[PDB]
Structure formats: C-alpha cells, structure tokens
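Colleague: Before anything else, here's the structure in question.
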Amino acid sequence: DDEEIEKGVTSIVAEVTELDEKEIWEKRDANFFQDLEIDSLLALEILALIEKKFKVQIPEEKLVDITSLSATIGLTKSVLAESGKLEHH
Ligand SMILES: [Zn+2]
Ligand SMILES: [Zn+2]
Ligand SMILES: [Zn+2]
Ligand SMILES: [Zn+2]
Ligand SMILES: [Zn+2]
Ligand SMILES: [Zn+2]
Ligand SMILES: [Zn+2]
C-alpha cells in the first residue's frame, strides 16, 4: 500500500534520526548525509527497521543509496514489488 509504505518509512527514519515526522516528510528530497546527520550506522539501522515493519529481506548493502527519504521509500516499494506485496496505484 502506497500511503502505508510512505508513512511507515517516514516513521522509521524519524525515529532513527530523532527528528519530527512532519519535518522529515517536508525534507523528503533532502540528501540524507551532511545535509542533516545520518551516517552509515544510522542508514544500517533504517534498513534493519524496514526489514521488520514490512517483513522484507533487503540485502543490506544499499545504505550508500539509502540517501533520501524518497529514495528510501522507492527502495522499499521495489523490494515489496519483488515480494508480491505492493499495491501500487
Ligand atoms: Zn487503503
Ligand atoms: Zn504518496
Ligand atoms: Zn536519542
Ligand atoms: Zn514532534
Ligand atoms: Zn519527490
Ligand atoms: Zn555516526
Ligand atoms: Zn535479509
């Protein structure tokens, strides 16, 4: 589910980053690194929490490209479509 995925990924990134869900969403196209924090440890943690929410295996080596909220959402959608679990409109 499109809404469900975009909101779930937002919540996870908000947690890991200790930022507010509305701000992270407003900054959905910001670069994850430098432009506000998020390093390889935080990206690693984002990946792991997504691989718990949605029950989804993500070979854990994209973090270099877990690079914005919208990129991260897109990654989650791709992986959900691989798994036969995406309803996309
Ligand atoms: Zn619905
Ligand atoms: Zn949307
Ligand atoms: Zn803290
Ligand atoms: Zn708040
Ligand atoms: Zn966008
Ligand atoms: Zn660090
Ligand atoms: Zn896995």
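As shown in the structure tokens, the chain order sets the letters A, B, ...; within each chain, residues go from 1, and ligands are also counted from 1 in the order they appear.
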With a distance cut-off of 9 Å and only C-alpha atoms, select the neighbouring residues of residue A:57, excluding the residue or stretch itself and same-chain residues fewer than 4 positions from it, and output the selection as a ChimeraX atom specification.

Modeller: /A:50-52,79,83

Colleague: Per residue of chain A within 10 Å of ligand 3, what are the shortest atom pair and its distance in Å to one decimal, counting only C-alpha atoms and all ligand atoms, with rows by chain and residue number, as a Markdown table?

Modeller:
```
| residue | atom | partner | partner_atom_place_in_ligand_line | distance |
| --- | --- | --- | --- | --- |
| A:15 | CA | ligand 3 | 1 (Zn) | 8.5 |
| A:16 | CA | ligand 3 | 1 (Zn) | 8.1 |
| A:17 | CA | ligand 3 | 1 (Zn) | 8.0 |
| A:18 | CA | ligand 3 | 1 (Zn) | 6.1 |
| A:19 | CA | ligand 3 | 1 (Zn) | 9.7 |
```

Colleague: How about saving the chosen residues, N, CA, C and O atoms kept, as a PDB file, in the first residue's frame?

Modeller:
```pdb
ATOM      1  N   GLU A  15      12.347   8.131  13.759  1.00  0.00           N
ATOM      2  CA  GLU A  15      12.918   7.523  14.957  1.00  0.00           C
ATOM      3  C   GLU A  15      14.422   7.544  14.919  1.00  0.00           C
ATOM      4  O   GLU A  15      15.063   8.096  15.826  1.00  0.00           O
ATOM      5  N   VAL A  16      15.001   6.875  13.914  1.00  0.00           N
ATOM      6  CA  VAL A  16      16.443   6.707  13.870  1.00  0.00           C
ATOM      7  C   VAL A  16      17.119   8.046  14.003  1.00  0.00           C
ATOM      8  O   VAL A  16      18.181   8.150  14.603  1.00  0.00           O
ATOM      9  N   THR A  17      16.535   9.073  13.418  1.00  0.00           N
ATOM     10  CA  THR A  17      17.171  10.376  13.324  1.00  0.00           C
ATOM     11  C   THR A  17      16.824  11.297  14.487  1.00  0.00           C
ATOM     12  O   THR A  17      17.482  12.332  14.662  1.00  0.00           O
ATOM     13  N   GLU A  18      15.825  10.935  15.280  1.00  0.00           N
ATOM     14  CA  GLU A  18      15.320  11.787  16.350  1.00  0.00           C
ATOM     15  C   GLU A  18      14.848  13.124  15.792  1.00  0.00           C
ATOM     16  O   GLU A  18      15.117  14.198  16.345  1.00  0.00           O
ATOM     17  N   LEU A  19      14.143  13.059  14.674  1.00  0.00           N
ATOM     18  CA  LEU A  19      13.503  14.232  14.098  1.00  0.00           C
ATOM     19  C   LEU A  19      12.003  14.007  14.035  1.00  0.00           C
ATOM     20  O   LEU A  19      11.516  12.898  14.214  1.00  0.00           O
TER      21      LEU A  19
END
```

Colleague: Nearest to ligand 2: which of A:63, A:6, A:48, A:1 is it, counting only C-alpha atoms and all ligand atoms?

Modeller: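 Using only C-alpha atoms and all ligand atoms, the shortest distance to ligand 2 belongs to A:6.
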
Colleague: Using only C-alpha atoms, which protein or nucleic acid residues come within 12 Å of residue A:22? Drop anything in the same chain fewer than 6 positions from it, and give the result as a short mmCIF file (atom, residue, chain, number, x, y, z; two decimals) with N, CA and C atoms, in the first residue's frame.

Modeller:
```
data_model
loop_
_atom_site.label_atom_id
_atom_site.label_comp_id
_atom_site.auth_asym_id
_atom_site.auth_seq_id
_atom_site.Cartn_x
_atom_site.Cartn_y
_atom_site.Cartn_z
N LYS A 7 4.21 6.30 4.84
CA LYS A 7 4.11 6.69 6.24
C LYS A 7 4.98 5.81 7.15
N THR A 10 8.58 6.87 6.74
CA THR A 10 8.76 8.15 7.42
C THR A 10 8.94 7.96 8.92
N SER A 11 8.05 7.18 9.54
CA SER A 11 8.14 6.93 10.98
C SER A 11 9.51 6.35 11.35
N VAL A 13 12.45 6.53 9.76
CA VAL A 13 13.54 7.48 9.59
C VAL A 13 13.48 8.56 10.66
N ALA A 14 12.27 9.05 10.97
CA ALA A 14 12.06 9.95 12.10
C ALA A 14 12.65 9.41 13.42
N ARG A 28 11.65 15.37 2.22
CA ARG A 28 11.76 14.04 1.62
C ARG A 28 12.80 13.97 0.50
#
```

Colleague: Which residues of chain A come within 12 Å of ligand 6, and what is each one's closest atom pair and distance in Å (one decimal), counting only C-alpha atoms and all ligand atoms, sorted by chain and residue number, as CSV?

Modeller:
```
residue,atom,partner,partner_atom_place_in_ligand_line,distance
A:16,CA,ligand 6,1 (Zn),11.4
A:17,CA,ligand 6,1 (Zn),10.9
A:33,CA,ligand 6,1 (Zn),10.6
A:34,CA,ligand 6,1 (Zn),11.2
A:36,CA,ligand 6,1 (Zn),11.9
A:37,CA,ligand 6,1 (Zn),8.2
A:38,CA,ligand 6,1 (Zn),7.1
A:39,CA,ligand 6,1 (Zn),5.1
A:40,CA,ligand 6,1 (Zn),6.8
A:41,CA,ligand 6,1 (Zn),5.8
A:42,CA,ligand 6,1 (Zn),6.9
A:43,CA,ligand 6,1 (Zn),9.6
A:44,CA,ligand 6,1 (Zn),10.6
A:45,CA,ligand 6,1 (Zn),11.1
```

Colleague: Generate a file of the selected residues that holds N, CA, C and O atoms, formatted as a short mmCIF file (atom, residue, chain, number, x, y, z; two decimals), in the first residue's frame.

Modeller:
```
data_model
loop_
_atom_site.label_atom_id
_atom_site.label_comp_id
_atom_site.auth_asym_id
_atom_site.auth_seq_id
_atom_site.Cartn_x
_atom_site.Cartn_y
_atom_site.Cartn_z
N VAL A 16 15.00 6.88 13.91
CA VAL A 16 16.44 6.71 13.87
C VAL A 16 17.12 8.05 14.00
O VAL A 16 18.18 8.15 14.60
N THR A 17 16.53 9.07 13.42
CA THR A 17 17.17 10.38 13.32
C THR A 17 16.82 11.30 14.49
O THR A 17 17.48 12.33 14.66
N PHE A 33 22.81 12.68 4.07
CA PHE A 33 24.08 12.85 4.77
C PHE A 33 24.56 14.29 4.75
O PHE A 33 24.34 14.98 3.74
N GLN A 34 25.21 14.75 5.82
CA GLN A 34 25.76 16.10 5.85
C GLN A 34 24.64 17.14 5.94
O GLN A 34 24.55 17.87 6.94
N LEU A 36 22.00 17.64 7.34
CA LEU A 36 21.48 16.87 8.47
C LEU A 36 22.14 15.50 8.54
O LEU A 36 22.75 15.06 7.57
N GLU A 37 22.07 14.83 9.68
CA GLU A 37 23.05 13.81 10.03
C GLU A 37 22.86 12.55 9.17
O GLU A 37 22.92 12.59 7.95
N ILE A 38 22.65 11.42 9.82
CA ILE A 38 22.53 10.14 9.13
C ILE A 38 23.87 9.76 8.51
O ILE A 38 24.33 10.34 7.52
N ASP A 39 24.49 8.77 9.12
CA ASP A 39 25.74 8.17 8.69
C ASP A 39 25.47 6.74 8.24
O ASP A 39 24.32 6.35 8.02
N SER A 40 26.53 5.93 8.15
CA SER A 40 26.33 4.55 7.71
C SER A 40 25.70 3.70 8.81
O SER A 40 24.93 2.78 8.51
N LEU A 41 25.96 4.02 10.08
CA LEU A 41 25.30 3.31 11.17
C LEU A 41 23.80 3.59 11.20
O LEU A 41 22.99 2.68 11.39
N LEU A 42 23.42 4.86 11.04
CA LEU A 42 22.00 5.18 11.06
C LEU A 42 21.30 4.59 9.83
O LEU A 42 20.19 4.06 9.94
N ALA A 43 21.95 4.65 8.67
CA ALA A 43 21.36 4.05 7.47
C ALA A 43 21.21 2.55 7.64
O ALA A 43 20.17 1.96 7.30
N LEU A 44 22.25 1.90 8.17
CA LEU A 44 22.15 0.50 8.52
C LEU A 44 20.94 0.25 9.41
O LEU A 44 20.22 -0.73 9.24
N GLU A 45 20.68 1.16 10.35
CA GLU A 45 19.56 0.90 11.26
C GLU A 45 18.23 1.11 10.56
O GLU A 45 17.25 0.42 10.87
#
```

Colleague: Among chain A, which residues does DSSP mark as alpha helix (DSSP H) when it is run on the backbone? Keep the chain and numbering as in the structure and answer as an mmCIF file with N, CA and C atoms, in the first residue's frame.

Modeller:
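Contents of part14.cif, as written:
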```cif
data_model
loop_
_atom_site.group_PDB
_atom_site.id
_atom_site.type_symbol
_atom_site.label_atom_id
_atom_site.label_comp_id
_atom_site.auth_asym_id
_atom_site.auth_seq_id
_atom_site.Cartn_x
_atom_site.Cartn_y
_atom_site.Cartn_z
ATOM 1 N N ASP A 2 0.569 2.186 -0.986
ATOM 2 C CA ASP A 2 1.411 3.363 -1.202
ATOM 3 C C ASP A 2 1.471 4.265 0.039
ATOM 4 N N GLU A 3 0.313 4.757 0.481
ATOM 5 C CA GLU A 3 0.241 5.531 1.718
ATOM 6 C C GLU A 3 0.900 4.783 2.881
ATOM 7 N N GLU A 4 0.524 3.516 3.076
ATOM 8 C CA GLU A 4 1.041 2.746 4.200
ATOM 9 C C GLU A 4 2.563 2.701 4.170
ATOM 10 N N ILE A 5 3.149 2.539 2.983
ATOM 11 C CA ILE A 5 4.599 2.425 2.892
ATOM 12 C C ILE A 5 5.260 3.773 3.151
ATOM 13 N N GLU A 6 4.744 4.827 2.521
ATOM 14 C CA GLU A 6 5.358 6.143 2.681
ATOM 15 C C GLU A 6 5.302 6.606 4.137
ATOM 16 N N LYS A 7 4.210 6.304 4.838
ATOM 17 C CA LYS A 7 4.109 6.694 6.241
ATOM 18 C C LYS A 7 4.976 5.811 7.155
ATOM 19 N N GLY A 8 5.023 4.513 6.874
ATOM 20 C CA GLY A 8 5.863 3.623 7.654
ATOM 21 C C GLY A 8 7.343 3.932 7.535
ATOM 22 N N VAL A 9 7.814 4.256 6.329
ATOM 23 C CA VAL A 9 9.221 4.583 6.159
ATOM 24 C C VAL A 9 9.520 5.919 6.833
ATOM 25 N N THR A 10 8.579 6.866 6.745
ATOM 26 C CA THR A 10 8.764 8.148 7.419
ATOM 27 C C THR A 10 8.937 7.961 8.920
ATOM 28 N N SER A 11 8.046 7.182 9.545
ATOM 29 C CA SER A 11 8.145 6.930 10.983
ATOM 30 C C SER A 11 9.506 6.348 11.354
ATOM 31 N N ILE A 12 9.996 5.384 10.577
ATOM 32 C CA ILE A 12 11.262 4.740 10.920
ATOM 33 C C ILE A 12 12.413 5.737 10.836
ATOM 34 N N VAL A 13 12.452 6.530 9.765
ATOM 35 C CA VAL A 13 13.542 7.477 9.586
ATOM 36 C C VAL A 13 13.478 8.564 10.665
ATOM 37 N N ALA A 14 12.271 9.052 10.972
ATOM 38 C CA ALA A 14 12.060 9.954 12.104
ATOM 39 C C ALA A 14 12.649 9.406 13.420
ATOM 40 N N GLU A 15 12.347 8.131 13.759
ATOM 41 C CA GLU A 15 12.918 7.523 14.957
ATOM 42 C C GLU A 15 14.422 7.544 14.919
ATOM 43 N N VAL A 16 15.001 6.875 13.914
ATOM 44 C CA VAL A 16 16.443 6.707 13.870
ATOM 45 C C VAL A 16 17.119 8.046 14.003
ATOM 46 N N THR A 17 16.535 9.073 13.418
ATOM 47 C CA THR A 17 17.171 10.376 13.324
ATOM 48 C C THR A 17 16.824 11.297 14.487
ATOM 49 N N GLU A 21 8.313 13.663 12.438
ATOM 50 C CA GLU A 21 7.809 13.030 11.222
ATOM 51 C C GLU A 21 7.421 14.064 10.151
ATOM 52 N N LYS A 22 6.816 15.195 10.545
ATOM 53 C CA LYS A 22 6.406 16.191 9.549
ATOM 54 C C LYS A 22 7.611 16.841 8.875
ATOM 55 N N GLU A 23 8.671 17.140 9.643
ATOM 56 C CA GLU A 23 9.846 17.769 9.037
ATOM 57 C C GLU A 23 10.540 16.818 8.073
ATOM 58 N N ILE A 24 10.754 15.574 8.488
ATOM 59 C CA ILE A 24 11.417 14.626 7.606
ATOM 60 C C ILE A 24 10.621 14.504 6.309
ATOM 61 N N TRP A 25 9.293 14.458 6.420
ATOM 62 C CA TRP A 25 8.477 14.385 5.211
ATOM 63 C C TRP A 25 8.629 15.652 4.364
ATOM 64 N N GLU A 26 8.632 16.830 4.991
ATOM 65 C CA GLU A 26 8.864 18.046 4.221
ATOM 66 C C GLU A 26 10.221 18.006 3.511
ATOM 67 N N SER A 40 26.528 5.928 8.149
ATOM 68 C CA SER A 40 26.329 4.549 7.712
ATOM 69 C C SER A 40 25.705 3.696 8.811
ATOM 70 N N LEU A 41 25.962 4.020 10.082
ATOM 71 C CA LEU A 41 25.297 3.306 11.169
ATOM 72 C C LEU A 41 23.802 3.593 11.197
ATOM 73 N N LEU A 42 23.417 4.860 11.039
ATOM 74 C CA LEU A 42 22.000 5.182 11.055
ATOM 75 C C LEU A 42 21.302 4.592 9.834
ATOM 76 N N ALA A 43 21.951 4.649 8.670
ATOM 77 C CA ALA A 43 21.356 4.053 7.475
ATOM 78 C C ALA A 43 21.212 2.547 7.641
ATOM 79 N N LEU A 44 22.255 1.903 8.169
ATOM 80 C CA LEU A 44 22.150 0.495 8.515
ATOM 81 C C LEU A 44 20.941 0.255 9.407
ATOM 82 N N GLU A 45 20.679 1.159 10.355
ATOM 83 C CA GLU A 45 19.564 0.902 11.256
ATOM 84 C C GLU A 45 18.225 1.106 10.559
ATOM 85 N N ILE A 46 18.152 2.109 9.692
ATOM 86 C CA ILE A 46 16.947 2.319 8.898
ATOM 87 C C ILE A 46 16.641 1.056 8.107
ATOM 88 N N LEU A 47 17.655 0.520 7.437
ATOM 89 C CA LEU A 47 17.456 -0.684 6.636
ATOM 90 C C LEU A 47 16.887 -1.809 7.482
ATOM 91 N N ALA A 48 17.432 -2.007 8.693
ATOM 92 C CA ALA A 48 17.013 -3.117 9.542
ATOM 93 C C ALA A 48 15.580 -2.942 10.006
ATOM 94 N N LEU A 49 15.200 -1.714 10.359
ATOM 95 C CA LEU A 49 13.848 -1.487 10.839
ATOM 96 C C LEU A 49 12.827 -1.619 9.706
ATOM 97 N N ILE A 50 13.222 -1.322 8.468
ATOM 98 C CA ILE A 50 12.315 -1.539 7.348
ATOM 99 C C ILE A 50 12.137 -3.032 7.133
ATOM 100 N N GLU A 51 13.244 -3.775 7.203
ATOM 101 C CA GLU A 51 13.208 -5.240 7.232
ATOM 102 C C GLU A 51 12.656 -5.779 8.547
ATOM 103 N N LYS A 52 11.766 -5.038 9.202
ATOM 104 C CA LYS A 52 10.988 -5.604 10.297
ATOM 105 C C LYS A 52 9.540 -5.192 10.175
ATOM 106 N N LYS A 53 9.312 -3.890 9.971
ATOM 107 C CA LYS A 53 7.974 -3.377 9.703
ATOM 108 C C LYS A 53 7.275 -4.228 8.660
ATOM 109 N N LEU A 69 14.748 10.366 1.932
ATOM 110 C CA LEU A 69 13.520 9.679 2.282
ATOM 111 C C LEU A 69 12.864 9.103 1.031
ATOM 112 N N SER A 70 12.757 9.909 -0.031
ATOM 113 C CA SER A 70 12.059 9.443 -1.223
ATOM 114 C C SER A 70 12.825 8.302 -1.900
ATOM 115 N N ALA A 71 14.162 8.363 -1.902
ATOM 116 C CA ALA A 71 14.935 7.213 -2.370
ATOM 117 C C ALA A 71 14.670 5.986 -1.503
ATOM 118 N N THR A 72 14.607 6.172 -0.190
ATOM 119 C CA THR A 72 14.382 5.043 0.703
ATOM 120 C C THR A 72 12.990 4.457 0.508
ATOM 121 N N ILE A 73 11.991 5.322 0.315
ATOM 122 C CA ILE A 73 10.647 4.855 0.016
ATOM 123 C C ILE A 73 10.638 4.069 -1.286
ATOM 124 N N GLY A 74 11.309 4.599 -2.309
ATOM 125 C CA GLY A 74 11.366 3.907 -3.582
ATOM 126 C C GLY A 74 12.006 2.538 -3.447
ATOM 127 N N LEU A 75 13.075 2.453 -2.651
ATOM 128 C CA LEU A 75 13.713 1.171 -2.392
ATOM 129 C C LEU A 75 12.739 0.194 -1.764
ATOM 130 N N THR A 76 11.978 0.668 -0.782
ATOM 131 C CA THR A 76 11.061 -0.200 -0.077
ATOM 132 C C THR A 76 9.960 -0.683 -1.031
ATOM 133 N N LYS A 77 9.489 0.202 -1.913
ATOM 134 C CA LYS A 77 8.459 -0.194 -2.878
ATOM 135 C C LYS A 77 8.971 -1.257 -3.853
ATOM 136 N N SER A 78 10.134 -1.020 -4.473
ATOM 137 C CA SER A 78 10.787 -2.024 -5.324
ATOM 138 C C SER A 78 10.848 -3.389 -4.658
ATOM 139 N N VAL A 79 11.313 -3.416 -3.411
ATOM 140 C CA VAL A 79 11.502 -4.668 -2.695
ATOM 141 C C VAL A 79 10.156 -5.304 -2.394
ATOM 142 N N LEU A 80 9.160 -4.488 -2.074
ATOM 143 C CA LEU A 80 7.832 -5.033 -1.847
ATOM 144 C C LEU A 80 7.246 -5.593 -3.140
ATOM 145 N N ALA A 81 7.585 -4.987 -4.283
ATOM 146 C CA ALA A 81 7.083 -5.475 -5.566
ATOM 147 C C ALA A 81 7.778 -6.779 -5.965
ATOM 148 N N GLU A 82 9.080 -6.899 -5.657
ATOM 149 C CA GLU A 82 9.782 -8.181 -5.729
ATOM 150 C C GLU A 82 9.077 -9.280 -4.945
#
```

Colleague: From the list A:89, A:59, A:20, A:35, which residue is nearest ligand 2 when using only C-alpha atoms and all ligand atoms?

Modeller: A:89

Colleague: Separation of atom CA of residue A:31 and atom CA of residue A:67, in Å?

Modeller: 5.8 Å
